[PDB]
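In structure tokens, the next block holds one chain alone, the form deposited in one PDB entry.
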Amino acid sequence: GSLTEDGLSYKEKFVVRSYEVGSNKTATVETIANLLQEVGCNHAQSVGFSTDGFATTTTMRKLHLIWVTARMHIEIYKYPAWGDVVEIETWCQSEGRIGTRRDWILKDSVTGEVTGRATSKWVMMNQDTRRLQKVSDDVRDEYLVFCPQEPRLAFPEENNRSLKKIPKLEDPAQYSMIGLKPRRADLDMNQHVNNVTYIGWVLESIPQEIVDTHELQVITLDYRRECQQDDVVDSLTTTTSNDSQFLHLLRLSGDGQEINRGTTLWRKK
């Protein structure tokens, strides 16, 4: 991988592996989400930021501050086949004191065609107290020099799906998958559950008949609270809709505390 000529974005190529594909012999959305994370991490390393998933600056480390994902939105037009080369370009932009946004564009390396796009909202949090906070001026100037100054959006459209509010699923859910637990492979280097695991857990409550006859086109996921290594999760889904749409909710198995909410849009094969 490498930073582009202007040094304001990063590009990297990946060859889709045998264990990364599903029943269609094309990459799963969890494989895509992992590659998005990998290219984000290589971009942060290329400009001197922390490499640990928190992308911290020198001032953030002293203050015990970290970047945490608040929302992930992914749209796939074509999933790359096993053996195909996919090129991913990523960039970061500040959204004032609210937080930062990381965007991605996925392309077929051979044709140069846009096969997918993604956007994510990140917020600053003290890693010990878990208290959210606005971005200060001192932290901001340290990373403004690595972001384009004019707006660059993966989802430029006026009322795009990436900014829609997600409602809370009401009991009873139409479908559910209960008692989901992370194993060591689901953890990152800091022993926290990897953000992509939650995508997998959301998708667990989609009936196999939908997965066999449809392809996932769009997924929007809000992250409200973290699943601890010793927590148990219930995944709930209700159909809201040729296209099929669903509302999703992940909550702790016991007390029903919300950890994530989301929506998915599926097109008939």
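Rigid core: the largest C-alpha set superposing within 1.5 Å between the two forms. Only residues modelled in both forms are compared. Start at 1 with the first residue shown and count on from there.
Omitted from view is the form solved in complex with a small molecule, to which the following refers.
Under a 4.5 angstroms non-hydrogen atom cutoff, the small molecule in the deposited complex has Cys92 among its neighbouring residues. Proximity of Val233 to the small molecule in the deposited complex falls outside the 4.5 Å heavy atom cutoff. Proximity of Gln37 to the small molecule in the deposited complex falls within the 4.5 Å heavy atom cutoff. At the 4.5 Å threshold, heavy atoms of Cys41 reach the small molecule in the deposited complex. The residue that stands out in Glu226, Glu38, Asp52, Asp212 is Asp52, the single one whose Cα moves by 2 angstroms or more between the shown form and the other one on a rigid core fit. The protein segment that moves between the shown form and the other one, counted as a run of at least three consecutive residues with every Cα displaced by 2 Å or more relative to the fitted core, is 51 to 55 alone.
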